[PDB]
Each structure stands twice: as C-alpha cells, then as structure tokens.
Amino acid sequence: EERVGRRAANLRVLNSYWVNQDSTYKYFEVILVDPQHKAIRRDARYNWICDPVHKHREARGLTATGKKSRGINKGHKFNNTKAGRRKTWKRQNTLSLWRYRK
Amino acid sequence: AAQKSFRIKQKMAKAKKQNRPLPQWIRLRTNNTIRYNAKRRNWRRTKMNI
Amino acid sequence: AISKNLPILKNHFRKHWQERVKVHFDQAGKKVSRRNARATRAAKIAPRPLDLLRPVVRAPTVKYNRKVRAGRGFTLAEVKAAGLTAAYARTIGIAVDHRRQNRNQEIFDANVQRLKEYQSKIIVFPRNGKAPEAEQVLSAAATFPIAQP
Amino acid sequence: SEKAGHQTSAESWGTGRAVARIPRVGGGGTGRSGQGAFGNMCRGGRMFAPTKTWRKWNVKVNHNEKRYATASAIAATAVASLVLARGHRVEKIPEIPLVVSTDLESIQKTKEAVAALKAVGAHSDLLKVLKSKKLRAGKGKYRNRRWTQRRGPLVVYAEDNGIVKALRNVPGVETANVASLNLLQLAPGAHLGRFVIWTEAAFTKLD
Amino acid sequence: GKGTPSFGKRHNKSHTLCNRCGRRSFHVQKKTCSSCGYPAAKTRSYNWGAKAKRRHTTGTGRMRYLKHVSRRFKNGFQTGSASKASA
Amino acid sequence: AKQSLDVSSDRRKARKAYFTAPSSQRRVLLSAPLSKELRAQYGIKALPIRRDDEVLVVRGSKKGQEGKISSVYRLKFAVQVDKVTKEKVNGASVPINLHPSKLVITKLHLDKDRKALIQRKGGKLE
Amino acid sequence: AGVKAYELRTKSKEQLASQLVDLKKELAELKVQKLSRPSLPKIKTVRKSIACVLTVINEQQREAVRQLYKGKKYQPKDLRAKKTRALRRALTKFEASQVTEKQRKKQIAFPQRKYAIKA
RNA sequence: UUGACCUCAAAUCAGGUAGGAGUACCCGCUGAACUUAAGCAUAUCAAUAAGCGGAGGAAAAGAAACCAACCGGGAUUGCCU
RNA sequence: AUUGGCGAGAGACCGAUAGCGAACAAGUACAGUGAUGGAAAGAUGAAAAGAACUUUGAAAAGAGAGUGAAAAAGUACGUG
RNA sequence: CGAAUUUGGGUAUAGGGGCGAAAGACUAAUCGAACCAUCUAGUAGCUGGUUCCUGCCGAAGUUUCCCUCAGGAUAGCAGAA
RNA sequence: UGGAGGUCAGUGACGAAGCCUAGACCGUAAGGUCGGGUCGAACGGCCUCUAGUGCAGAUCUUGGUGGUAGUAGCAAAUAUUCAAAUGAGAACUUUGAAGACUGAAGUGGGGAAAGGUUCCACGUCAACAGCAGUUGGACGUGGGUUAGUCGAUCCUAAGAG
RNA sequence: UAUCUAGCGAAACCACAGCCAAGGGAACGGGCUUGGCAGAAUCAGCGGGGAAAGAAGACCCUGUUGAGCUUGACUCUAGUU
RNA sequence: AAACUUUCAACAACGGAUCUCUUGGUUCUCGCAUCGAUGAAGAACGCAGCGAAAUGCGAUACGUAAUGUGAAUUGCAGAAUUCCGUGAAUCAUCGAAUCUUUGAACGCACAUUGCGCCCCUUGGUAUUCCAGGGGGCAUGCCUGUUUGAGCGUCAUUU
Numbered sequence: 103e104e105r106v107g108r109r110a111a112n113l114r115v116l117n118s119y120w121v122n123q124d125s126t127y128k129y130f131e132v133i134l135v136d137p138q139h140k141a142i143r144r145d146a147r148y149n150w151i152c153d154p155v156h157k158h159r160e161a162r163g164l165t166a167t168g169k170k171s172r173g174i175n176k177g178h179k180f181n182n183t184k185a186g187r188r189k190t191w192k193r194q195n196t197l198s199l200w201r202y203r204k
Numbered sequence: 002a003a004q005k006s007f008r009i010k011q012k013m014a015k016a017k018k019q020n021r022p023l024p025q026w027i028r029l030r031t032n033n034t035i036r037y038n039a040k041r042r043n044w045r046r047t048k049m050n051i
Numbered sequence: 002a003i004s005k006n007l008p009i010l011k012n013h014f015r016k017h018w019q020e021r022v023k024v025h026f027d028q029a030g031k032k033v034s035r036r037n038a039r040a041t042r043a044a045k046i047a048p049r050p051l052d053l054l055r056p057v058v059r060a061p062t063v064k065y066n067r068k069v070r071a072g073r074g075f076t077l078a079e080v081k082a083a084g085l086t087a088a089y090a091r092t093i094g095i096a097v098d099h100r101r102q103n104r105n106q107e108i109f110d111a112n113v114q115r116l117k118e119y120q121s122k123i124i125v126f127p128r129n130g131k132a133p134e135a136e137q138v139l140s141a142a143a144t145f146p147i148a149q150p
Numbered sequence: 053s054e055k056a057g058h059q060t061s062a063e064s065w066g067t068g069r070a071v072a073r074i075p076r077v078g079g080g081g082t083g084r085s086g087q088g089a090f091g092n093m094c095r096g097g098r099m100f101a102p103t104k105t106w107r108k109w110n111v112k113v114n115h116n117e118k119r120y121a122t123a124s125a126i127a128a129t130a131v132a133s134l135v136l137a138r139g140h141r142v143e144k145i146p147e148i149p150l151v152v153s154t155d156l157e158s159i160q161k162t163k164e165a166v167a168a169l170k171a172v173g174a175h176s177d178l179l180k181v182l183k184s185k186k187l188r189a190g191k192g193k194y195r196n197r198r199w200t201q202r203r204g205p206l207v208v209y210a211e212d213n214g215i216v217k218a219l220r221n222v223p224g225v226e227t228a229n230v231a232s233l234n235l236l237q238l239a240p241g242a243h244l245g246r247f248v249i250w251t252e253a254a255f256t257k258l259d
Numbered sequence: 002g003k004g005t006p007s008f009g010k011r012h013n014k015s016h017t018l019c020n021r022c023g024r025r026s027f028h029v030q031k032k033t034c035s036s037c038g039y040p041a042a043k044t045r046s047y048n049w050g051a052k053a054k055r056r057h058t059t060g061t062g063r064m065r066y067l068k069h070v071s072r073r074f075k076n077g078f079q080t081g082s083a084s085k086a087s088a
Numbered sequence: 002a003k004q005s006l007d008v009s010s011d012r013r014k015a016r017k018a019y020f021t022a023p024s025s026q027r028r029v030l031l032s033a034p035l036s037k038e039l040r041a042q043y044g045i046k047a048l049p050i051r052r053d054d055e056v057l058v059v060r061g062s063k064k065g066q067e068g069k070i071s072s073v074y075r076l077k078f079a080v081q082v083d084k085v086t087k088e089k090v091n092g093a094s095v096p097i098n099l100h101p102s103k104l105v106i107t108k109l110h111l112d113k114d115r116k117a118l119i120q121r122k123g124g125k126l127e
Numbered sequence: 002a003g004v005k006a007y008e009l010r011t012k013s014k015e016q017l018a019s020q021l022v023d024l025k026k027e028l029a030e031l032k033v034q035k036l037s038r039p040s041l042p043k044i045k046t047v048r049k050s051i052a053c054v055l056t057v058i059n060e061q062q063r064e065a066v067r068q069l070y071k072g073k074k075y076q077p078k079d080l081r082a083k084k085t086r087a088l089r090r091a092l093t094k095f096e097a098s099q100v101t102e103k104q105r106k107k108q109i110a111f112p113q114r115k116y117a118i119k120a
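Pasting the structure below:
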C-alpha cells in the first residue's frame, strides 16, 4: 500500500488485498480512490476520503493492514496497543503532578 | 580571478557598495543607536569567501 | 547505596521522565474553560437540559454490586416498554444503549418508570409554529437523581 | 528555559593545555571561542540546579485547618486590642465589632458609600490608606507591583446589592461576602485583627 | 612540513556557491551542496542540528508571502473590495 | 482596576505600545486640553493637537508664554510652537520641544473634519 | 502634485497608455537631470505617477478579462480567488452538506427535537 | 473489407492533482549507545534519542469478534484511583 | 496533547557576566574547505541646549568664554 | 636528476571506511580509528573546590562480610530528640 | 542578600540608593549605626514568607590590571650617501646626483589558481605600515574593465548522472 | 649582534619575597631556632641555587577505566556450505 | 638627607563593579488554525534626493491601488491652498495588482546570467535566417477526448 501510494500520490489507498503469491514475490491489488474527481467528491457516501485528514492514510497506518500492524483492537490481548502504543506509553510514563500534590 | 563567473561578479558589486562608511547624516537622526559601520569589510583584514 | 532501616522505595525514574512530566497548572484554567463550554453549549441548545437521561443500573463485580449508578443508555426493550421508538427517544433527549440487555425485573421496572416519569416531566416543542417560552434546566441527572433501592 | 546554558557545543580540552578542565567552546576567531561553558561557574553557562516548573507551588491545607484559621481571624476582629495593634485607627471607634445597618448593601454610587464610611467611624482608616501610597522598594516595582499601600476596613456584606461596585474603586477598603470570608484579607500578613465593618444582615448570617 | 609549507598549496576550491541556500557550501566534485542538500528536493536539515535549523528556518528571512497570510486569514480570506468613498 | 481581560496593566507592554506606536496612534496620544473658555463654548475637555492652533504654555520654564503651533513633531511626542525658541549661543534659534498635555489650546483651526470631530465628541460649535 | 488614481480610471485605454509614454519620457528627462543637479526629488513624484498609471492599465484589463469570463467555468488561475492551498483542495459548502439519501431520510424523519423540562 | 470489444500506448490533448516548508504536539517504521547492574553478556537505559515517512488544529482511537463471572456492565478518549 | 505559528493576559521569575545565543544592524561580526561553530556591545542631558566666540598651537587639543540645575554629565558622556 | 621522475588541472576512493613500493603511515596543523552535532550535564569507589558569626557537645581509623584491600554495608565511637 | 504579605498614616530632589573615608559609636562576632565628601531617584526598620541568599582558593569563568620592563627584541635577503623641493616637522616623501644590487632557472614583462577593486586620480594622516611619515596595497570621495575573430559557450576523456 | 642612545616595545613566570652555616623538621630551609652577619640604588656578564619554567609523569602501581591487536578465552555474527 | 620601596589619605587617571532604570527574555494561562505547482520557506541581486546596515518592497521596487483617519514626514534638503480636502503620512488598514533571478522549480542545464524548441506578432527583401515583444514546452498519476498498436479476440465481407 505504501509503494503504490507514493507512486500515485494523487490517490488515497482505500484498501488492498492479496491476489497471488510465489516464492519471491507477493501480489496485491490496491484499491485506490481519486479524491479530486467530481464523481467521488459528490456521492457523500465516499466524500469522507477527500477530507484532508485522510491523505496518505497508508503511510500513517490507517488501512486494514495498518490497524492490524499497530495491533489496534479491543481486548485484554491489546492492553499495550489500544489507541496507539506510543500514546499509551507516553500516557503511562508521564509524571502527572498537580497544583495540590497527591 | 580575471576570468570569473557572472554570479561571482554580482558578489563583486555589492561587496563594493557595502564597503563604504556609514553616511554621516545618520548620526543626526533621532534616537540613533547606530554609531559606525559594524559590517564594514576590507580585503586587507578579512576575506569574503565569495 | 542502601543503608539503615529504611523501606525499599521502588521509584520508577530510571527513565528520562523529565521530558514527559505534565504539571497541571491549567487545572484552574481548564475548569473555567469547561464551565464556559457548558455555558456555550447550553446557550446553543437551549432549552434542552444540556445532558442526556441515563438509566439507573447495578454496578458489576462482587465489590460494587451493592450500588446502582447511571449507566449508558436505556435498552431498546425498556424504550418500547415505555411506549416509544428508539429513534424518537434519541431526539427527545433519552440516552439509548443497544448492546445492554435487561435481565433483572427490578432494574427494568426502575428504568421504565424512569422513562415514564421523564416523559411526563418534559415538554416537546412542535416542529411548526411558535414554541412556548421554556426555562432551560441544565442537569437532567439532577432532576432525576439516581436512587438507592 | 530547559535549554539555557546548553545551546552550545562546548567540550573540555582536558589537561596538558595549561587551562582548567571546564568544557570550552570550539571554533575560532570569535572571542567566545575557547571560553568555558556548560558549567555553573561559567559566563553564559547554565545555572546550578535549574529552577523547574514542577516545584511545589500550591500547598495543600486541611479544610478544617483553613476553617479553624478563619474562625480565629474572625474572632480576632472582635478584639479591639488586636485591631489597634495590627495598625487600624480604631482608637476613637465607639464599638468593636463596628456593625452598620444593612442599608449599606443597597448603596449604588461610590460617593454615598464613602460618605457612609466616613460617618460610621472608618474615616481615619480610609485617610490612612490613599495617603500611604508608597513606591515599592526593590526590583519588584517594574514587575507590575509598582505601588504599595495599607489595607483599610473590610466591609462584610451578605448580598451584593451594589456595595461591591461602590467600594470597588475606594483604596484600602475591600468588600468580602460573609458566605466566603476569605482569610487572606481577614489576617493580612498573618497578622490577626483586621478592622472589619459588618452589615446587619451579614452579622445575623454569621451565626 | 604538514603545516605552513602545506598551507601554501591551498589555492583550489572544494566548495562553491549554492543556488538554493546561497552559502559557499556547494561541493563541486560531488555536485551537491553541503548545507541545504542541493540538488535534492528535501532541504537538508536534521534534528541533531538544533542550531542549524534555527539558522535556516521559517522566519529567518523576508517572508515574501507567508508574512501576509496571517493578516489574510484574520480578515477571513475575504475577497472583493471596500465601498465607502472617503471622509 | 482592570476588569476587562483584554486590556493590559503591564508596564512593559504599555511602554512598548507608547514608544512604538505609529504616526496615526501618536496623533491621539498628542492630545491637548482646551482652555477654560474654549471648553465653555465647545464642551470638550481635550482635543488632539493640530498644526495651526494657538496655544498657551502653562508648565515648565516656558510657563505663561503664548504661541501658535508651527509643527506637530510626532516623532518625538513633541510640538514646535512659534516664537517660543531657545537661542543657541551662536545666535541660532532652535525651537523648544513641548508636550501637548502641558499646552492649553487657546484657539482652534476649524476644518470641516474638525467640525465633525467636535460634533462627534458632543460639541455645540460656537 | 502628481496624477491621482480616481481620475485615471475615467480615462479610456489609448490615452491612458499615451500619457504612460509621456510620463516615461519625462522620467527619463529628470533621470538625466538628476546627475547634474545636486538634489532632485521630483523624480519621486513621476515614479509614483508612473506606478499609478500602469496600475490602472493592468486593473482595467483584468476587469475586462473578468467580463470575458463572467459566469463561465474555468476561470484563469490568477483570476480565480487565491484563498489557500488547503482551502482550494477542501470540500465546498454545498458538497460537505451533501448527504446520502438514506441519511437525509432519517434526518427529516427524526430531526433533533426541541424540548425542555419544567422541573 | 469494415466496424467492434479487450489490453497496452502516445499527445505542449481538455480538466485536475502530488511533491517542498514547518514539525511544539500527533500517526507509524527504524533504532542505538552512554548509563544501571558497584564487573559484564540476559536485563536496564528503551519498545527512548538520532534517521525516515505522513497529517491536523488537534491527530490517533472509536461504536466490541469488549470487560467480566456480577443483582452484571456497555464506543473511544482523558484525570483521580 | 501542544517548548512550532499568530494574538492576548499575567508572574513572590532574570535584570545587561542574569535572562533566549541574541534588550543593540543576532544567528550579526567573525573562524572553518565544509558540516558547523558564533560573540562582544544598553543608559549624556528635561531638551543638544553637542561647547558660538578669543587666544596659544601646523593640527589635534588646551586655556578661557559659554550652554546646561550640574561639564564632579562633553558624545572616550547615569553613578563610577 | 630521463625515468618505479616531478608537477598542474579534472576525476575516483570517506571513517571501522579510504588509501598505503607497509611507517600503523596519510586521510585539511587532528589518526592504534578524522571532524562536526546530538544522545550528554555520559560514567567514575578517583583529583581539586565547596561561600556568615557565635555557643554547646564532640570522635574515628577497629569487629564481621563483600572480585574486598584508594570503597561500601554492619557493629563500635558521637550528636540530637 | 534578592524578592513577598503586613505595619511604622516610615525616609527621600532642602537629596533615596550607591561609592570612598589610618572619622565616631554599638555588638564577642556575623554585621549595624552616625558624621564628612561625590551622587542623583528611589529606599528602609520590625513581625512573618520565600530563595538562583553570604566566596580567597576549584591549573575556577569572564573582564581588567600588574611586576617582569621602557627590559627581551625590532641583527637572513652585501648599501646607502649628498643636495633641492614640498611640508609645522624629512634617515625614511618626490626629483636630481652619485653608489650599489637583482645579473635574462631576475628583485624584469606577462599570465593559470586565488584575491576582489588592492588599479587610477584628488583630499587627508584619527587608527594601521614593527621606527617615522608629508608616503602607502591605510582613510574619504570618485573614476576605471568596450571583442563576430581573445577565451567561456560547442565536443568528448577519466568519470558524474 | 650583544653594549649605549632615539623610536617602538612583548612573553614565560609570579603565595610573599629573595644572604648563609648548623640543628630539627614530611629525614637537602629564603622564612623556624642558635650563630655569622647586615648600609640606599644599581649596570655588564654569568650559569651554583630558587628541589627555576615548559606537561594534572610518558616509566611503575592502582582503577572491578578504556582502546589497538591477537588467539585452540566466552558468547554470538555477516558470509558460505 | 634626598632618591627609591612600602602604607594611608585627597585629587587625578585606568576599568566598568555597585546602585537605579528596562521597547528584552523566561515561565504559566487563554484563544485561534493560518504555508505551497494560482508557485511556498529560503537565497541572490537590486530599489530611497542625500543609506552601510536593520526594516519594507521588487524594474509598479523603503513601494502602487482600494479603505479609514485627517494635515504631515523630519537628520538636512526639497515640496508643502495638496489644507472647509476623493486628501499629506517611513500612518493605519488592506479585499486589487506588480512581484527581478532563483528556489519543491517545472523546456534541457547550471562552477555557464549557457543551450534550446513551438505558436502569435513586428522589423530586417524572408514558411525556412537573424532579431524584438508576448505566450508556452517538467515529472508521476487520475477522468475524459483524439489518434493509435496487438492473428488477444468477435462479427462482417469476397
């Protein structure tokens, strides 16, 4: 998803799926959606992806694979990675001092 | 260098215009902190490394 | 590096905690901003009560099952038993939980009674016409306090 | 600033250079080049133990402890001896606590409020303020604390019917709700016995 | 003589002027600037270079365009023109 | 005191605003109080200084000396009134800087915007 | 002295450009005269007048071009409004307010009601 | 012969879009070592700094393939515990 | 959440060897091939009223005179 | 001192790398591991320093253990409560 | 000692702080006070609070100043002298006269690299030239670089890309 | 050259300074004690002394400090099979 | 005895300590979201009557237009009934343009102000050569248009 995204930087990576596989390569068909095409800007069932917050969602790790890699799942299995392991790590390593010390 | 690039010869020009003393009517201006040409450069003292 | 009768003090500061310290000087400031946010939300959505109506549910675990508390929302079974539709309840300001299930009669009786006394205590403006001048109350939870059985 | 005394690339030359082991600025041809830095003893170096934000600024105090102090401060205002010692011109005041009619709460204009304060006996104290306005001693006078002055009577009310606005502008005298009754003005400088003017309603509400 | 006799042989130019950063830091044999990273599109800057960022950051120079955008947004990026003639 | 949070009671910020205010802001900072009579027939306590107004000096060494404005020297927060100079020992006459707050406006140069300036402040234009 | 913008806008194209040449001539006459006389600030006036004139010529042409492209799509990139790169890639107000038919059906059916409690 | 279609091209084709800056915060990847262990190798520093990629006013997460074992709670986030 | 940007307000903060490196033409002068390194330097007087003029000296300048409240404030200028 | 010659310009090799008719030589006065910046205020049982007065009390270099013998822990001596 | 709350309706342009004082007094001392001189704008006593709070040392940091000391030194490149002029002032400027030297792999005439206006003229000697200076590659003000043929541009080399 | 003069004019070093013998002393004192003695200020040399200066000794020891290198030290590892 | 050394005082020096001030910093809080292929950040070179900086700006160059204010700027010079005014200002505001050469830089290139090509137009006798002026020519990707390629393949036609 990343190499496709950086190749066609004018498209957002909707998803990707395994299509085939051999000894030394894996093959994926990457679903791309053009955010600057009026057809997709309209039909607000899909106009969420042309929102600027969704550009290059594969680089940030927001597609299905990105969610899997970061381990962003509900459960006790994912106690370290529930909202982002760096946020949780920063959450539980901060020294939260108050005006009136506890 | 007697055979110099033109972009060097622009470095040449502002070197010569800047290498002149502070105008003497600046003193007379009100609340003038400026006293002398601090950025003054001389070929005898320091090189301009282009 | 250890001496005398002193307790072993497990202090977790081997890390560079200094860059990650967060001191809450803004505790006073955030309180004023939050009160301002409550003020502006109430002014925006007046005269609705600035908050939803929560059901009264029994806390889990053996430790806290002796106390009821405001849950998330009324289960769909409770909403229909009050004589409503889930969508209509959301608009009129009733918090609705779809994933909670009613398995206790006493809790169910309290919630449907909570809804019935909520309906009789609110008024709803019509979509079309001159809405009656109503005075905004700011706390649905306070007007219907959670009661220990 | 956390990076004070550290926006530098200093590094010690070690021994064998007839100079101290304090780290020194590299480079050359600056005057700053080859100068000590990074230490607490160096010009331009960091301070020893840089002051940090997480120092305990506010102090927890037991609620019963604060209320205990407020009760003592209030009881001190009834002692005419303490008020005189604390520096309030109450020598000619016929009665302490000085209680006025509750109509003072309804006074809207500063002219009538100060006129009442003159008559009820707080005249001398109000003259002691607004004549003691002295320029603050020391570097604090250009940190927005330029002027110092004494504190006048503390007018205590029950319901702000305009008394707070009327006396808001008068130097020294400050208004305090009987419900609140903050200690920081009942015992300024931890000195008991602040001259307090009580209104009739606030006195009743006190019990 | 590795010193003053050798310093005499220093009459060439390892670096020349870089068209991007304008510093005398454009290596000639490497055909790349050592300060701004010319000709690479990304402007060479590192977090470990805390000061070097400060030297060549936004706000260092003129701000031809970015200077006015704060005012433009403040008014709302609004277009058109004013109406009232004069006093 | 300062109740509206927007205005600043900082000495440094107030002094910086004064010493770096532009020409437009300096004009209102160079306000001049009207005389007892000029107040009576206009009704305005003070008016911004103007290049062609007759003024009176009421404070300083120049106390009591009348004059007419020759140049509002806004750059120094000062005004240059005619006939009130100090002779340099060479014989040259250099004008005295004066702050307008120390001057009393004895007469007004009434231009049509000034007539609007008096009306907007509550003046009867007598 | 010097010419002023408001009367210039009245003048048509050809004579506005004609006087542009006139100002450019007289600026040249002062430019050669500046090196002779020790002080000549009048060049400032004509330089300012030149900028005023050709500012109007550029503006008049642009107003005509807007007239050329009035109400027709695909305005030239300099004529269309320069808001912000982020804004021009951002969704329009009509387009953000666009909703699917299923969503709009629910909105009309069950809108956010207005209500209050009489306590 | 002539029309298609499928795939793959070209065009200074019509219309668009990406790059770069900043980077305090945020999302990932990569990733040390000094240090501590009175030595040092697991460990620690640290799933950190540096490096790289990507956005916004916040971002991320987010409406359970959840926690529980209770008279059960009920998206996510944050604070006190 | 936020030590970036813009705007705003405060401080039991520092007060020109401090506080940002930078109160000032500061990331400036300057050094390095380069990556980079990187200073010092505030205050006359209310206002220049910045010492007209005379004399000695080639001149600087001094001595006088003079301004100025003060020249034990003369731009090498708060105090020293 | 006519060639394994010398030298100019261009060019290539970049740090655990380069190059070396080999000395651990040279690699911008830095070489048995360049320079620069950051992690970094790295570490140290080691050296030096450690800023006012007066009053009262006032030692120790020993026990045991330790990769311990330039140090700690423990007991001892001391002060204060 | 720096600052904070209170108080003395404290002190102060008729002089606060500061600084100097082989002048006085108090305290064992840390220090405090007063007198005298300069000085010009704020500053104290007491009850508490707070800290970036007390220096002789750290081959301490920065800045400055000493003895050394009018000392070492200004001794490679064989060497200068006389007169006149300018100029206040000449060992050093200019001219002339001599005397010399580099001795054509020169201290000459040009250039590549590099430098960048030093080239040239006029005015001038506050700094600089190791002494001096009237001179200057210094200071101030200006002037100065003309190409169809000289090169770059074009070509390719090792290479880079 | 040194020397002297005219002009210009540093640096190293420096607790304070600069007479010895003997004693003792941290066991080789300019200072302490006992004696000898001791008369301003100096100039040129000089090389006895100031355990003279130049470097937190480079030789040696210690450090639970490193680094270069080596190997049938221990543990791994690219590569290859 | 002087000279010299040492000590102290007065005055004078060297030096910038102390004290006082502060358009600066720092920390905290609050609010907002705002760069760029419509060309960003940065840089280079220029622009003022007399400017080297700083500040501002770009051959429209310490800026022009629009708006508000209402009579200046200021060191000198100059202009200044421009003054009862669509009108001064190194004014503010800022919505229109200009914005050199660059720079993600975008015709190729760059240690060069190099080399180009296309269109329109003006001139030199000129579709072709040389100039002038104006406008263009980057890469990747998307939608569509046109022209296409492939016995990949279908139908049709002898």
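Protein chains in written order, with the entry's author numbering: chain AN, 103 to 204; chain Al, 2 to 51; chain AL, 2 to 150; chain AC, 53 to 259; chain Aj, 2 to 88; chain AY, 2 to 127; chain Ah, 2 to 120. Backbone N, C-alpha and C fix where the C-beta goes; we use that ideal spot for every residue, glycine too.
Cα-Cα separation, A2/Ah to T46/Ah:
Just so you know, the alpha carbons of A2/Ah and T46/Ah end up roughly 7 angstroms apart.
Cβ-based burial, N114/AC [other Cβ within 10 Å; buried from 16]
Residue burial annotation: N114/AC is exposed, with fewer than 16 other C-beta atoms found within 10 angstroms of its C-beta.
Who pairs with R76/AC in a beta bridge, going by DSSP?
As a beta-bridge residue in DSSP terms, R76/AC pairs with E63/AC and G88/AC.
Which residues mark the beginning and the end of the alpha helix (DSSP H) in which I109/Ah is found?
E102 to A110 is the span of the alpha helix (DSSP H), which, as asked, contains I109/Ah.
Grab the span of the beta strand (DSSP E) containing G30/AL for me, first residue to last.
Counted as a single uninterrupted DSSP element, the stretch harbouring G30/AL is not any beta strand (DSSP E) but the alpha helix (DSSP H) occupying residues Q28 to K45.
According to DSSP, which residues form a beta bridge with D98/AL?
The partner list for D98/AL (beta bridge, DSSP) reads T76/AL.
Please return the same chain residues whose Cβ sits closer than 8 angstroms to the Cβ of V80/AL, not counting the five positions on each side in sequence.
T86, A87, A90, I95, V97 and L116, listed in sequence order.
In this structure, how does DSSP classify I142/AN when only helix, strand and coil are distinguished?
Helix.
Assigned secondary structure, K217/AC (DSSP; H/G/I helix, E/B strand, else coil):
Three-state result, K217/AC: helix.
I249/AC and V207/AC closer than 7 angstroms at C-beta:
In contact: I249/AC and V207/AC (Cβ atoms closer than 7 angstroms).
Could you check if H13/AL is buried or exposed, using at least 16 other CB atoms within 10 Å of its CB as the buried criterion?
Note on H13/AL: under 16 other CB atoms within 10 angstroms of its CB, so exposed under the neighbour-count rule.
Three-state secondary structure (DSSP) of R114/AN:
Three-state result, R114/AN: strand.
Which residue from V4/Ah, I118/Ah and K103/Ah puts its Cα closest to that of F111/Ah?
For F111/Ah, the closest alpha carbon among the candidates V4/Ah, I118/Ah and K103/Ah is that of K103/Ah.
Taking Cβ-Cβ distances shorter than 9 angstroms, what residues in chain Ah pair up with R172/AN?
Result: empty, since nearest Cβ-Cβ is about 27 angstroms, beyond 9 angstroms.
At a Cβ cut of 8 angstroms, what residues of the region 106-124 of chain AC count as close to chain AN, listed as they run along the chain?
For the region 106-124 of chain AC, the set of residues with a beta-carbon nearer than 8 angstroms to any beta-carbon of chain AN comprises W106, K108, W109, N110, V111 and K112, in chain order.
In chain order, what residues of the same chain lie with their CB nearer than 8 angstroms to the CB of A142/AL, ignoring the 5 residues before and after it?
Shown here for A142/AL: same chain residues with a beta carbon closer than 8 angstroms to its own, the five before and five after excluded, namely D52, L54, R55 and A71 in chain order.
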